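Asker: So that you have it, the file is my_file-v4.pdb, and it contains PDB, C-alpha atoms:
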```pdb
MODEL        1
ATOM      1  CA  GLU I   1     -11.314 -40.514 -25.758  1.00  0.00           C
ATOM      2  CA  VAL I   2     -11.134 -37.406 -23.636  1.00  0.00           C
ATOM      3  CA  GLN I   3      -8.113 -35.199 -24.235  1.00  0.00           C
ATOM      4  CA  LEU I   4      -7.005 -32.386 -21.924  1.00  0.00           C
ATOM      5  CA  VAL I   5      -3.864 -30.634 -23.196  1.00  0.00           C
ATOM      6  CA  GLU I   6      -2.303 -28.031 -20.901  1.00  0.00           C
ATOM      7  CA  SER I   7       0.328 -25.478 -21.793  1.00  0.00           C
ATOM      8  CA  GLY I   8       1.658 -22.124 -20.639  1.00  0.00           C
ATOM      9  CA  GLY I   9       3.944 -23.195 -17.813  1.00  0.00           C
ATOM     10  CA  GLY I  10       7.497 -22.001 -17.533  1.00  0.00           C
ATOM     11  CA  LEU I  11      10.340 -20.830 -15.345  1.00  0.00           C
ATOM     12  CA  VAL I  12       9.523 -17.421 -13.865  1.00  0.00           C
ATOM     13  CA  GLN I  13      10.748 -15.096 -11.138  1.00  0.00           C
ATOM     14  CA  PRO I  14       8.753 -14.572  -7.931  1.00  0.00           C
ATOM     15  CA  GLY I  15       6.199 -11.849  -8.448  1.00  0.00           C
ATOM     16  CA  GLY I  16       5.784 -12.703 -12.124  1.00  0.00           C
ATOM     17  CA  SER I  17       2.801 -14.001 -14.030  1.00  0.00           C
ATOM     18  CA  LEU I  18       1.825 -16.884 -16.289  1.00  0.00           C
ATOM     19  CA  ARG I  19      -1.391 -17.854 -18.054  1.00  0.00           C
ATOM     20  CA  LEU I  20      -2.082 -21.560 -18.337  1.00  0.00           C
ATOM     21  CA  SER I  21      -4.501 -22.941 -20.897  1.00  0.00           C
ATOM     22  CA  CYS I  22      -6.066 -26.344 -21.350  1.00  0.00           C
ATOM     23  CA  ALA I  23      -7.528 -27.534 -24.633  1.00  0.00           C
ATOM     24  CA  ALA I  24     -10.364 -30.003 -24.078  1.00  0.00           C
ATOM     25  CA  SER I  25     -12.021 -32.534 -26.362  1.00  0.00           C
ATOM     26  CA  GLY I  26     -13.976 -35.773 -26.333  1.00  0.00           C
ATOM     27  CA  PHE I  27     -16.691 -34.926 -23.797  1.00  0.00           C
ATOM     28  CA  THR I  28     -19.399 -32.300 -23.398  1.00  0.00           C
ATOM     29  CA  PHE I  29     -17.252 -29.459 -22.111  1.00  0.00           C
ATOM     30  CA  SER I  30     -20.058 -27.018 -21.402  1.00  0.00           C
ATOM     31  CA  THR I  31     -21.832 -29.322 -18.923  1.00  0.00           C
ATOM     32  CA  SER I  32     -18.679 -30.244 -16.968  1.00  0.00           C
ATOM     33  CA  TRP I  33     -17.215 -28.711 -13.854  1.00  0.00           C
ATOM     34  CA  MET I  34     -13.583 -27.933 -14.649  1.00  0.00           C
ATOM     35  CA  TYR I  35     -10.624 -27.885 -12.286  1.00  0.00           C
ATOM     36  CA  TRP I  36      -7.022 -26.895 -11.917  1.00  0.00           C
ATOM     37  CA  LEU I  37      -5.005 -29.204  -9.671  1.00  0.00           C
ATOM     38  CA  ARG I  38      -1.323 -29.068  -8.846  1.00  0.00           C
ATOM     39  CA  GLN I  39       1.348 -31.460  -7.657  1.00  0.00           C
ATOM     40  CA  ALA I  40       4.327 -29.825  -6.009  1.00  0.00           C
ATOM     41  CA  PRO I  41       7.379 -32.093  -6.339  1.00  0.00           C
ATOM     42  CA  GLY I  42       7.506 -34.407  -3.357  1.00  0.00           C
ATOM     43  CA  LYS I  43       3.769 -34.003  -2.653  1.00  0.00           C
ATOM     44  CA  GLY I  44       0.485 -35.427  -3.878  1.00  0.00           C
ATOM     45  CA  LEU I  45      -2.264 -33.708  -5.821  1.00  0.00           C
ATOM     46  CA  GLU I  46      -4.079 -30.722  -4.411  1.00  0.00           C
ATOM     47  CA  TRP I  47      -6.912 -28.702  -5.876  1.00  0.00           C
ATOM     48  CA  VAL I  48      -6.261 -25.098  -6.844  1.00  0.00           C
ATOM     49  CA  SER I  49      -9.383 -23.752  -8.564  1.00  0.00           C
ATOM     50  CA  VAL I  50     -12.811 -24.938  -9.759  1.00  0.00           C
ATOM     51  CA  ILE I  51     -15.383 -23.477 -12.152  1.00  0.00           C
ATOM     52  CA  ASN I  52     -18.961 -24.725 -12.399  1.00  0.00           C
ATOM     53  CA  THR I  53     -21.181 -24.737 -15.493  1.00  0.00           C
ATOM     54  CA  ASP I  54     -22.514 -21.219 -14.879  1.00  0.00           C
ATOM     55  CA  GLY I  55     -19.056 -19.719 -14.386  1.00  0.00           C
ATOM     56  CA  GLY I  56     -19.075 -19.647 -10.600  1.00  0.00           C
ATOM     57  CA  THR I  57     -15.656 -20.228  -9.098  1.00  0.00           C
ATOM     58  CA  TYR I  58     -13.942 -21.608  -6.009  1.00  0.00           C
ATOM     59  CA  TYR I  59     -10.298 -21.264  -4.953  1.00  0.00           C
ATOM     60  CA  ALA I  60      -7.799 -22.702  -2.520  1.00  0.00           C
ATOM     61  CA  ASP I  61      -6.975 -20.096   0.128  1.00  0.00           C
ATOM     62  CA  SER I  62      -3.354 -19.510  -0.866  1.00  0.00           C
ATOM     63  CA  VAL I  63      -4.233 -18.498  -4.450  1.00  0.00           C
ATOM     64  CA  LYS I  64      -7.145 -16.124  -3.763  1.00  0.00           C
ATOM     65  CA  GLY I  65      -6.495 -12.763  -5.386  1.00  0.00           C
ATOM     66  CA  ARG I  66      -3.533 -14.217  -7.272  1.00  0.00           C
ATOM     67  CA  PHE I  67      -4.961 -16.900  -9.567  1.00  0.00           C
ATOM     68  CA  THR I  68      -8.163 -16.654 -11.636  1.00  0.00           C
ATOM     69  CA  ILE I  69      -9.857 -19.613 -13.313  1.00  0.00           C
ATOM     70  CA  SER I  70     -12.030 -18.951 -16.349  1.00  0.00           C
ATOM     71  CA  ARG I  71     -13.655 -20.980 -19.103  1.00  0.00           C
ATOM     72  CA  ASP I  72     -14.255 -20.241 -22.785  1.00  0.00           C
ATOM     73  CA  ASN I  73     -16.936 -22.756 -23.667  1.00  0.00           C
ATOM     74  CA  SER I  74     -16.999 -21.816 -27.358  1.00  0.00           C
ATOM     75  CA  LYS I  75     -13.331 -22.778 -27.650  1.00  0.00           C
ATOM     76  CA  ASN I  76     -13.297 -25.712 -25.205  1.00  0.00           C
ATOM     77  CA  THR I  77     -10.630 -23.928 -23.165  1.00  0.00           C
ATOM     78  CA  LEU I  78      -9.930 -23.640 -19.453  1.00  0.00           C
ATOM     79  CA  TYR I  79      -7.582 -20.865 -18.295  1.00  0.00           C
ATOM     80  CA  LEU I  80      -5.591 -20.184 -15.131  1.00  0.00           C
ATOM     81  CA  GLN I  81      -4.306 -16.627 -14.880  1.00  0.00           C
ATOM     82  CA  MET I  82      -1.454 -16.784 -12.343  1.00  0.00           C
ATOM     83  CA  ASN I  83      -0.420 -13.388 -10.985  1.00  0.00           C
ATOM     84  CA  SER I  84       2.047 -12.557  -8.213  1.00  0.00           C
ATOM     85  CA  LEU I  85       3.687 -15.967  -8.327  1.00  0.00           C
ATOM     86  CA  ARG I  86       5.490 -17.355  -5.279  1.00  0.00           C
ATOM     87  CA  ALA I  87       8.273 -19.918  -4.952  1.00  0.00           C
ATOM     88  CA  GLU I  88       5.726 -22.160  -3.162  1.00  0.00           C
ATOM     89  CA  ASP I  89       3.632 -22.250  -6.358  1.00  0.00           C
ATOM     90  CA  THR I  90       6.272 -24.441  -8.057  1.00  0.00           C
ATOM     91  CA  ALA I  91       4.394 -27.526  -9.227  1.00  0.00           C
ATOM     92  CA  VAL I  92       3.009 -29.390 -12.189  1.00  0.00           C
ATOM     93  CA  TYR I  93      -0.434 -27.940 -12.906  1.00  0.00           C
ATOM     94  CA  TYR I  94      -3.156 -30.216 -14.258  1.00  0.00           C
ATOM     95  CA  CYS I  95      -6.462 -29.507 -15.876  1.00  0.00           C
ATOM     96  CA  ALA I  96      -9.213 -31.880 -14.821  1.00  0.00           C
ATOM     97  CA  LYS I  97     -12.788 -32.626 -15.823  1.00  0.00           C
ATOM     98  CA  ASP I  98     -15.417 -33.455 -13.186  1.00  0.00           C
ATOM     99  CA  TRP I  99     -12.826 -34.318 -10.570  1.00  0.00           C
ATOM    100  CA  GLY I 100     -15.597 -34.820  -8.003  1.00  0.00           C
ATOM    101  CA  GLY I 101     -17.350 -37.185 -10.430  1.00  0.00           C
ATOM    102  CA  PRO I 102     -18.745 -38.299 -12.812  1.00  0.00           C
ATOM    103  CA  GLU I 103     -16.076 -39.766 -15.067  1.00  0.00           C
ATOM    104  CA  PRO I 104     -13.119 -37.707 -13.794  1.00  0.00           C
ATOM    105  CA  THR I 105     -10.226 -37.188 -16.181  1.00  0.00           C
ATOM    106  CA  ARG I 106      -6.884 -35.408 -15.708  1.00  0.00           C
ATOM    107  CA  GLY I 107      -4.620 -33.816 -18.324  1.00  0.00           C
ATOM    108  CA  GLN I 108      -0.929 -34.261 -19.036  1.00  0.00           C
ATOM    109  CA  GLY I 109       0.269 -31.325 -16.919  1.00  0.00           C
ATOM    110  CA  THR I 110       2.339 -28.193 -17.418  1.00  0.00           C
ATOM    111  CA  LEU I 111       5.310 -27.360 -15.177  1.00  0.00           C
ATOM    112  CA  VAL I 112       5.539 -24.019 -13.361  1.00  0.00           C
ATOM    113  CA  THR I 113       8.870 -23.310 -11.639  1.00  0.00           C
ATOM    114  CA  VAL I 114       9.112 -20.068  -9.662  1.00  0.00           C
ATOM    115  CA  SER I 115      12.674 -19.120  -8.756  1.00  0.00           C
ATOM    116  CA  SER I 116      14.922 -16.161  -8.173  1.00  0.00           C
TER     117      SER I 116
ENDMDL
END
```
Just give me the structure of the file as structure tokens.
Answerer:
Amino acid sequence: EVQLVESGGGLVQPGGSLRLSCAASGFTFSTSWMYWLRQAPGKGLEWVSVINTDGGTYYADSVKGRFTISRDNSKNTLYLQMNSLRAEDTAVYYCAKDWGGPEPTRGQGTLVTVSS
């Protein structure tokens, strides 16, 4: 089976930072496009960030200049560096493999709560 295991979330003040990680196994990580998604409570899933197999990246508008996606292929890890956090960023964050196909898979999630 594929496993995607996220961690690094927490409760943080606005303006703070977190670094999420996802540990991947059970598929060929280095040939997959990798994603961060989020689900704010009360809402559905939305995409946050995407990294292709050559390290090129795409971002949702509201996170540009704040969040950075990166991949460490040697260690099967996807990262989300989250700087300058906002209350509106409160959500469960999910790692996902090949969300636009083929064989999409989502992780278990890590909660980020941004509050003063």
Asker: Skipping near chain neighbours, those fewer than 6 positions away, what residues fall within 7 Å of residue 115 (chain I) using only C-alpha atoms, listed as JSON, numbers by chain?
Answerer: {"I": [12, 13, 14, 87]}
Asker: For residue 113 (chain I), list every protein, DNA or RNA residue within 12 Å, evaluated using only C-alpha atoms, and leave out those in the same chain fewer than 6 positions away; present the list as a list in words.
Answerer: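 That gives residues 8, 9, 10, 11, 12, 13, 14, 16, 17, 18, 39, 40, 41, 85, 86, 87, 88, 89, 90, 91, 92 and 93 of chain I.
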Asker: When distances are computed from only C-alpha atoms, which of I:30, I:114, I:47, I:19 shows the smallest separation from residue 60 (chain I)?
Answerer: I:47
Asker: Given the file above and the PyMOL selection byres ((chain I and resi 69) around 9), which residues are selected, and can you give them as a PyMOL selection string?
Answerer: chain I and resi 35-36+49-51+57-59+67-68+70-71+78-82
Asker: Give as a PyMOL selection string the set of residues within 12 Å of the point (-12.8, -27.3, -20.7), where distances use the file's coordinates and all atoms listed in the file.
Answerer: chain I and resi 2-6+21-36+50-53+55+69-80+94-98+105-107
Asker: In Å to one decimal, how far is CA of residue 15 (chain I) from CA of residue 56 (chain I)?
Answerer: 26.5 Å
Asker: Looking at all atoms listed in the file, which of I:108, I:99, I:1, I:64 is the one that sits closest to residue 46 (chain I)?
Answerer: I:99
Asker: Hey, can you check how far CA of residue 84 (chain I) sits from CA of residue 42 (chain I)?
Answerer: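 Taking CA of residue 84 (chain I) and CA of residue 42 (chain I), their separation equals 23.0 Å.
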Asker: Could you tell me how far CA of residue 61 (chain I) lies from CA of residue 103 (chain I), in Å and to one decimal?
Answerer: 26.5 Å
Asker: Smallest atom-to-atom distance to residue 62 (chain I): which of I:20, I:48, I:101, I:116, using all atoms listed in the file?
Answerer: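 Of all the options, I:48 lies closest to residue 62 (chain I).
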Asker: How about completing region 11-23 of chain I with N, CA and C atoms and giving it to me as a PDB file, in the frame of the given file?
Answerer:
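So the final result, stored in part_37.pdb, reads:
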```
ATOM      1  N   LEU I  11       9.481 -21.302 -16.421  1.00  0.00           N
ATOM      2  CA  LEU I  11      10.340 -20.830 -15.345  1.00  0.00           C
ATOM      3  C   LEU I  11      10.205 -19.312 -15.249  1.00  0.00           C
ATOM      4  N   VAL I  12       9.876 -18.821 -14.060  1.00  0.00           N
ATOM      5  CA  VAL I  12       9.523 -17.421 -13.865  1.00  0.00           C
ATOM      6  C   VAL I  12      10.036 -16.961 -12.506  1.00  0.00           C
ATOM      7  N   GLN I  13      10.311 -15.669 -12.397  1.00  0.00           N
ATOM      8  CA  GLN I  13      10.748 -15.096 -11.138  1.00  0.00           C
ATOM      9  C   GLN I  13       9.566 -14.901 -10.185  1.00  0.00           C
ATOM     10  N   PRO I  14       9.816 -14.917  -8.876  1.00  0.00           N
ATOM     11  CA  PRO I  14       8.753 -14.572  -7.931  1.00  0.00           C
ATOM     12  C   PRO I  14       8.203 -13.193  -8.244  1.00  0.00           C
ATOM     13  N   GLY I  15       6.891 -13.066  -8.108  1.00  0.00           N
ATOM     14  CA  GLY I  15       6.199 -11.849  -8.448  1.00  0.00           C
ATOM     15  C   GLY I  15       5.735 -11.772  -9.880  1.00  0.00           C
ATOM     16  N   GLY I  16       6.168 -12.699 -10.733  1.00  0.00           N
ATOM     17  CA  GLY I  16       5.784 -12.703 -12.124  1.00  0.00           C
ATOM     18  C   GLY I  16       4.431 -13.342 -12.340  1.00  0.00           C
ATOM     19  N   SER I  17       4.094 -13.490 -13.621  1.00  0.00           N
ATOM     20  CA  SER I  17       2.801 -14.001 -14.030  1.00  0.00           C
ATOM     21  C   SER I  17       2.949 -15.004 -15.161  1.00  0.00           C
ATOM     22  N   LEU I  18       1.990 -15.929 -15.204  1.00  0.00           N
ATOM     23  CA  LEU I  18       1.825 -16.884 -16.289  1.00  0.00           C
ATOM     24  C   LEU I  18       0.338 -17.044 -16.540  1.00  0.00           C
ATOM     25  N   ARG I  19      -0.016 -17.476 -17.746  1.00  0.00           N
ATOM     26  CA  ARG I  19      -1.391 -17.854 -18.054  1.00  0.00           C
ATOM     27  C   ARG I  19      -1.366 -19.272 -18.596  1.00  0.00           C
ATOM     28  N   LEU I  20      -1.962 -20.194 -17.861  1.00  0.00           N
ATOM     29  CA  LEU I  20      -2.082 -21.560 -18.337  1.00  0.00           C
ATOM     30  C   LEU I  20      -3.361 -21.708 -19.144  1.00  0.00           C
ATOM     31  N   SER I  21      -3.316 -22.585 -20.144  1.00  0.00           N
ATOM     32  CA  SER I  21      -4.501 -22.941 -20.897  1.00  0.00           C
ATOM     33  C   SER I  21      -4.597 -24.455 -20.970  1.00  0.00           C
ATOM     34  N   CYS I  22      -5.819 -24.938 -21.105  1.00  0.00           N
ATOM     35  CA  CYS I  22      -6.066 -26.344 -21.350  1.00  0.00           C
ATOM     36  C   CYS I  22      -7.057 -26.445 -22.488  1.00  0.00           C
ATOM     37  N   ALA I  23      -6.690 -27.240 -23.478  1.00  0.00           N
ATOM     38  CA  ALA I  23      -7.528 -27.534 -24.633  1.00  0.00           C
ATOM     39  C   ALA I  23      -8.236 -28.857 -24.386  1.00  0.00           C
TER      40      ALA I  23
END
```
